[PDB]
């Protein structure tokens, strides 16, 4: 059972297709239109069914050309309001009908961010973008909002004619809107069955530049050139991903670089991955995020977690493939470096949560828990650690990539649980079952805390980071003189980032050490967002008042939650900046992304 959804489950009925016809009204900040669901009964004598909704206004529900009775249940917090529809004729098993629902969204849709012209690059036009994962699609349209159900879709979207609509689907043409010549209608087709969390829409002043045989980059005009360069390795990553996962089935792989308030580094919307402009480091150094979202084209979008309790299946396998792509491009030592960094992030998460916390388990129970609140690095890095351990247990990366490809083939177009995975693992490695029975399954899958076994990691690229961080940590006042810009001479941006991650784990350091570090390394000049993030964190946690405006500026001028949440939390923890931190949140709150606003508020214990 999907405890995050109020809709009829897949055992009762299944949505096969959605046809969406809607109009984007920037004046009212509403999407208005009709969602036509092709629904297949899985039961004999089926007479009603229930859909998820959230802050939607339902005008009517039409079946066989007649309006039918429906009822909106009481709101259940972040789950929204269940919508029961009374079918006019009882359905037999496997019978399909079409239900057309006329609806309109709320300007406060938690799926959507509506941006004024000032919040964009061009300053002339507004902009809208969606973010449905995990359970926000119900805030756009009535659906069975669960990844246990996969459906194809088509859509016709009317927007002001000077703007462009894109969706997680193949572009199917554009025309003037017959009902309003100030508007265009953009059409879309997604022929591959997907979970509804993968439905996505952007509307804005978008331009495109081709960067590979199946990839355009889309953004506002002022970011197109830089994005084309930043993401030029995209085709080479697709090719390696295909080698590891099997055929890329989705047609196009385009990229959309969103405005800075986009709450995530990336989102694997099929045919059109969304990314944060905070990837635009200028040197392609943050391109692992592209490798990662590309990997979802197999692990997540093709093989999908059946409920959100099993999210690690999505994320852990994806981080596993991500790291192989980057290992192919840059070497096995680099794969190990990033693998070990991830174990470090898992250390941080488990320390933050506490080693007995329920959300340090690999498989969790999200009953009564808002997924946006439970979200962390655990499913990512504890999932990846399990896979990496198993790789090492079962004979190495070549052997384990064999399993990964077979696993993708086996479960393509399906939604599965941890036991499905484990079951196939045992079937695939049936000649190594005695070895598999040596794994402590209950601990890995179901216990809180760090995993029972740490994998083995090559240290080559990590050693210099640890060495420098330990120099700083053990330095006394009289040792500060020995530090110099030449310390960084042979470190890549990745190593500079890991140096800062190591040092941040021991924060605070003495204020004089941090001032010296700015003195000799000039980290204030680094605009790499990962590096700047950790640096400002280290500065604020070490109580350097100079870094306060820098941390505030970064927290507000972009809204990637990975950066914005810990910066606000750090600033609220520092007595000198606490009052400014809450005031600044209060001031920005109305124009923030709705999920980010909610989480930062809880973080800060404000409103």
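Numbering follows the first chain given and starts at 1. If you superpose the two forms and keep the largest set of C-alpha atoms that fall within 1.5 Å, you have the rigid core.
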By Cα RMS to this form in 6 other deposited structures of this protein after fitting the core, the stretch ranking higher of 311-319 and 351-359 is 351-359
Select between 249-257 and 342-350 the stretch whose C-alpha atoms have the higher average B-factor in the entry. 342-350
Tell me which stretch, 537-545 or 56-64, has the higher mean Cα B-factor listed in the entry. 56-64
Looking at the C-alpha B-factor values in the deposited entry, which of 122, 265, 204, 282 comes out highest? 122
Taking the Cα B-factors listed in the entry, which of 97, 135, 313, 394 comes out highest? 394
Should residue 477 be placed in the lowest, middle or highest third of its chain by the C-alpha B factor in the entry? lowest
Based on the deposited C-alpha B factors for this chain, I'd like to know if residue 562 is in the lowest, middle or highest third. lowest
With respect to C-alpha B-factor, does residue 147 fall in the lowest, middle or highest third of the chain as deposited? lowest
Going by what the PDB entry lists, where does residue 448 fall on CA B-factor within its chain: lowest, middle or highest third? highest
Based on the deposited C-alpha B factors for this chain, I'd like to know if residue 17 is in the lowest, middle or highest third. lowest
